[PDB]
Amino acid sequence: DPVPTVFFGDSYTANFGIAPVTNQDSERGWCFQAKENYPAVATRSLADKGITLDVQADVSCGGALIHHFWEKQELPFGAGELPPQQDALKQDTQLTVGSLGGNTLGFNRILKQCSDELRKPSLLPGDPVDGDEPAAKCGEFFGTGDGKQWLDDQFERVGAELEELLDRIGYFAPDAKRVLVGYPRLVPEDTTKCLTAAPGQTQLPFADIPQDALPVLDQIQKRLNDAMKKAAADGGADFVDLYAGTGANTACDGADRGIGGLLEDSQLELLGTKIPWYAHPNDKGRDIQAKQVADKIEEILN
């Protein structure tokens, strides 16, 4: 029996950096939705464990905020407007899986805040929160400065919106089992490991980001992790806690890293160029995601 399924989400579901991309040539070209994202790979793994997903839509797309689940997404350069991801759900939809939230928190603006390299033109959406404060001072800015309060505001919007996201699912796919996928760990518990460049890399995992800024960045992912877990417990969703088991597959775990580096090259080629990972899962990190996700679904369908 087919399990009608809809895959939704942001750059961690679409798997920015893995190529080839689906819709290469059409407007959804700018979602940077790998053909082989954790959704594709989980589907296959599940199939040979005999679980048959009949995938109805995979509308993950990069840069997607939580409210793009219910508002139009505007793709860069005039690519166009994509319709609300809620539009993919059907009443007969029985399983919904995706990660949404990092962008509403605005983890991209926290990266650019801590890095002037990142403050120049890049395909990473967003602006520094305070573009006048200097990259270097960023571990203060969010720990003691104005950033500290900007964080609690964002975190308040994030909880209200995940609750709302959980409720439209419940409204439109009333029979649907909801799986919220958490983000894997970016920085390890021992930041000193970030101080070395990964085997075969010339740049550091997090480029020009002050080493003192790394533990704040984890503090802030921990939080977002907890916000997401709560959101799901309280909304009747299941959560795939990727952070808790990626403690040795971070950005900084050398060749066991599951997060491609900030400036490291993805597989994405735009004119004769690799576009960097930008802190997104890599092949290893995408296999963990697929595995952990395939694991929960199986659990949940039994």
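Conventions and cut-offs
Residues numbered from 1 in each chain as written, not as in the entry; some residues may be left out. Heavy atoms only, no water. Helix = DSSP H or I, 4+ residues; strand = E, 2+ residues; numbered from the N terminus. Contact = heavy atoms within 4.5 Å. Salt bridge = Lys/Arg side-chain N within 4 Å of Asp/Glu carboxyl O. Buried < 20%, exposed > 50% of the residue type's maximum accessible area, 1.4 Å probe, protein only. Disulfide = S-S within 2.5 Å. UniProt positions renumbered as here; feature names shortened; annotations may be inferred. Pairing = 2+ DSSP bridges. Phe/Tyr/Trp six-rings, centres within 6.5 Å; stacked < 30°, edge-to-face > 60°. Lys NZ or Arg CZ within 6 Å of the ring centre and 35° of its normal.

X-ray crystallography is the method the PDB entry lists for this structure, together with a resolution of 2.3 Å.

Within the fold, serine 115 resides in the loop between α4 (107-113) and α5 (138-141). Each C-alpha atom of the pair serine 115 and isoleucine 209 lies 5.4 Å from the other, and the pair is 94 residues apart in sequence. Apart from the residues lying within four places of it in its own chain, the contact partners of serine 115 are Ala135, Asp208 and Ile209.

Summed over the entire model, instances satisfying the criterion amount to 18 salt bridges. Between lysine 230 and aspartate 234 there is a salt bridge; the shortest N-O distance is 3.5 Å. The same class applies to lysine 230 and to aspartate 234, which are both exposed. Residue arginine 286 pairs with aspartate 283 through a salt bridge whose shortest N-O separation is 3.9 Å.

To continue, consider the state of the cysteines. On inspection of all chains with the given rule, the structure shows 3 disulfides. Disulfide pairing places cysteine 31 opposite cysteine 61 at an S-S distance of 2.0 Å. Taking the sign of the torsion about the S-S bond as the criterion, the disulfide between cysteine 31 and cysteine 61, at about -80 degrees, is left-handed. Taken together, the residues span a long stretch of sequence, with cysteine 31 in the loop between α1 (11-14) and α2 (38-47) and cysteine 61 in the loop between β2 (53-58) and β3 (73-75) at a distance of 30 residues. One exposure class covers both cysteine 31 and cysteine 61, and it is buried. Residue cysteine 194 pairs covalently with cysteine 252 via a disulfide, S to S 2.0 Å. Disulfide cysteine 194-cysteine 252: torsion about the S-S bond near 100 degrees, hence right-handed. Taken as a pair, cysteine 194 in the loop between β6 (177-181) and α7 (214-233) and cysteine 252 in the loop between β7 (238-240) and β8 (265-269) lie far apart in primary sequence, 58 residues in all. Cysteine 194 sits in the buried class, given a relative accessible area of 3%.

A word on the UniProt feature "disulfide bond" in the chain. The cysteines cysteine 114 and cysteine 138 that UniProt joins by a disulfide are bonded here; their SG atoms are 2.1 Å apart. Placement of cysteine 114 in the loop between α4 and α5 and of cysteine 138 in helix α5 is noted, with a sequence separation of 24 residues between them. Formation of the UniProt disulfide linking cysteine 194 with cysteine 252 is confirmed by an inter-sulfur distance of 2.0 Å, under the 2.5 Å limit.

Turning our attention to the pairing of strand β5 (residues 95-98). Burial along β5 is two-sided: the face carrying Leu95 and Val97 and the face carrying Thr96 and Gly98 are both buried. Bridge count for strand β1 (residues 3-7) against β5 is 3 bridges, and the pairing is parallel. Following the sheet pairing, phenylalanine 7 is matched in β5 by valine 97. Looking at chain direction, β5 and β6 are connected through 4 bridges and run parallel.

Glancing now at the packing of aromatic side chains. Across all of its chains, the model carries 9 aromatic pairs by this definition. A centroid spacing of 5.4 Å and a plane angle of 70 degrees characterise the contact between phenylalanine 8 and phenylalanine 69, whose relative ring orientation is edge-to-face. Residue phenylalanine 8 is located in the loop between β1 and α1, and its partner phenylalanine 69 is located in the loop between β2 and β3; the two are separated by 61 residues in the primary sequence. Each member of the pair, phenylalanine 8 as well as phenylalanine 69, carries the same accessibility label: buried. On the basis of an interplanar angle of 85 degrees and a centroid distance of 5.0 Å, the ring pair of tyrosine 171 and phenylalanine 172 is categorised as edge-to-face. With relative accessibility at 30%, the residue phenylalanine 172 sits in the partly exposed group. The residue whose ring lies beneath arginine 223 is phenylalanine 155, and the NZ or CZ to ring-centre distance is 4.1 Å.

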